[PDB]
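One chain comes next, on its own, written out as structure tokens in the form deposited in one PDB entry.
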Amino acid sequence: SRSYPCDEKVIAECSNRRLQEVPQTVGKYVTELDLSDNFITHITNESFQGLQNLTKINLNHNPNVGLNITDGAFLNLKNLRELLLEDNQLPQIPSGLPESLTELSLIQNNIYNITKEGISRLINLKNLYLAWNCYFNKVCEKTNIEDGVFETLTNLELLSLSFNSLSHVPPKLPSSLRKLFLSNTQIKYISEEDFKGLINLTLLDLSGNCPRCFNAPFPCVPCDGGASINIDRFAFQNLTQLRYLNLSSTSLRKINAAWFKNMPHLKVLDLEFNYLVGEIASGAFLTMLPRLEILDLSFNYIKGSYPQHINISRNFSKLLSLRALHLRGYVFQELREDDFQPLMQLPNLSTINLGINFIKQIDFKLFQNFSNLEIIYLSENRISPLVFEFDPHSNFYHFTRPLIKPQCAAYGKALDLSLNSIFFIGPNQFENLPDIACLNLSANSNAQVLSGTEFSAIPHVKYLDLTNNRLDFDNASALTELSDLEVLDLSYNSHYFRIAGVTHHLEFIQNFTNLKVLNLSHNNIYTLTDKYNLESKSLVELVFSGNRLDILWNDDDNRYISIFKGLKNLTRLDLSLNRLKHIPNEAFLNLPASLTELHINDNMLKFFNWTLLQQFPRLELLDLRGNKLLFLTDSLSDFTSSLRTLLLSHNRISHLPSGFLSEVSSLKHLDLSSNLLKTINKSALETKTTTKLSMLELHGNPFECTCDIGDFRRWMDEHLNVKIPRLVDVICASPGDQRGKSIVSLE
């Protein structure tokens, strides 16, 4: 039978299915099993029956906004390798866990007592996550770790105790440890004996102990007087394998060089949210880190201080392996050439992160002198013209996304000037720069008329982001100096397009021989001056969303009838959010014959002429989601041989015509979800020549469940080739007796 309620594909995915009990309906060879997000309020020896090969179970957030597991529920398994209990409001570690477990996550529970009766028999444990049980203003109790609880686990590699009230590094920790997470534990003092016996440690996280609480975006309790963490100079002595060390928000004003004496493999050092300005300026510790790749010094600013310049010690010149340097929230006015002199001969330093410094001015010519910089991140500054709340599985101190969009960075050397003040680009702005492939000028409040001379000193820009400005496109030669331009993002430039009475000029689009992708979204374009057509021989993708094609294509106006025809290479066109009630036949027929993909979604369409699809022989995806459409042609096979994906969700369709679904041979993905369908006839499904369809989305329709759905329910069993996602969401709305029942639950 069709897999229900789980999607099996060997893993079974039951997540977020509103299950009130563990499924007895589970498969046979099911191994990975995810029950997360369901409503299960009870667990037992009965609920899991017994099964075969299960190598994993995810019980997370059962139920959803606790859980009762009786002593010895998971008991007879012996196969159970990994078990995830997060967010179930557990007052205690469940008594009677299996001996098989190598992975256990108790994260985000009420467990205040870690005891031998819950743990010490777990000898096979590899990774154990106890994080986020007692923290912030949560009413909770100090965490008691029984003496030698972890001592019994001689295979233990990772241990995470973070965001719990500890006060001391637990003693008698197994020497097999690789990674140890102590973050935000209220530990004031680290002694010589705390970490002494762990010679295999590659990671130690002490962050958030004695935090720097000024301007905290969370409840923050400092050590007495706002004191630094106290780490004995021999604390790290036997730590020879250490790679990652997280000292963030330890309130450090001084860093003992002797900490790093026995730590030759050190790679990533996190010093964020401390008071390190002095140490950054002088910094004996910098001499001790020859293999260090990533150094994060972010948010060390002196409160209320705004110095003219940043003070970097010459000892930075001794990190020979340095790859990225993060200095955010240092807070200084100006970056001069000599200030970065110690970084310039570092062979591997490809990334400098200057975000959120309120920097007014920079001598850009310094970046040239650097050995090889790939990413120059200046976002969120003052640069002006040249003259539960926290993801427990994520880094708490800084975001992990790429600094620069990967699609932009792949082109080459990237300069990100976003969220600054450069409101006018003057003739010398970009002089003395490296050869910039990827440039981000977004959110500079730029109101200027780009004339074609502005980027001439960096003529090689491949990918240009001008989004969220005020640009006034009054010149046909704008941006044409960039010959190699490939991607251009003009989004959120609506300021001038909105005013009927100012001139508007898009003609520059045609000059580029390499332009591939162009984003005109959210510009409110309803009118252009003298040239109504967009023309490019190169252009591949055009994003036109958030404009007014309802105005451009108004029935009484023929000037814009051809607006997209001149893009002769175009395979992808996004027409969404143009407030279209209908598209004039002529206008639709004037869309490029080359189109493989067309998005009309989230308009007001009450009419669509299906016949017109005959003029688009390469059309693959047609996206009509989020409109008002009632009508479906019964003829589709006559208008397209190429259609693959058809997305109709969030429309008004109450009727599938006889011979609709299966008569298009090329159709794979059909999306009927969130429509008005009361049923599906035997006539809708035929099938003379078999359907290539691999996916059919029916969820969120008011199916009337009587014997009239019998044929569809029959069709589903006869085609298991066709998957209908979210079976738990394909639901009888009628009659009153069957309400809420899944369509496959009907007998």
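Heads up, when I say rigid core I mean the largest set of C-alphas that superpose within 1.5 Å between the two forms. Only residues modelled in both forms are compared. Start at 1 with the first residue shown and count on from there.
Heads up, the form deposited with a small molecule bound isn't pictured, but that's what we're talking about next.
Contact assignment for the small molecule in the bound PDB entry, among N493, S298, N675, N627, heavy atom within 4.5 Å: Answer to the contact question: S298.
In the bound PDB entry, the residue from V169, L573, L403, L656 that sits within 4.5 Å of the small molecule by heavy atoms: None of the others qualify; the residue that does is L403.
Contact test in the bound PDB entry: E293 vs the small molecule, heavy atoms, 4.5 Å: It does: once the small molecule is placed as it appears in the bound PDB entry, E293 has a heavy atom within 4.5 Å of it.
Contact flag, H669 vs the small molecule in the bound PDB entry, heavy atom cut 4.5 Å: Taking the distances in the bound PDB entry, the answer for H669 is no, it never comes within 4.5 Å of the small molecule.
The small molecule contact at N578 in the bound PDB entry, heavy atom, 4.5 Å: Judged by the heavy-atom cut-off of 4.5 Å, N578 is well away from the small molecule in the bound PDB entry.
The small molecule contact at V268 in the bound PDB entry, heavy atom, 4.5 Å: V268 belongs to the contact set for the small molecule.
Of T706, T689, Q52, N721, the one whose Cα moves 2 Å or more between the shown form and the other one after core superposition: The one that shifts is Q52.
Mobile segments between the shown form and the other one - rigid core superposition, Cα shift of 2 Å or more, 3+ residues: Run shifting 2 Å or more: just 50 to 52.
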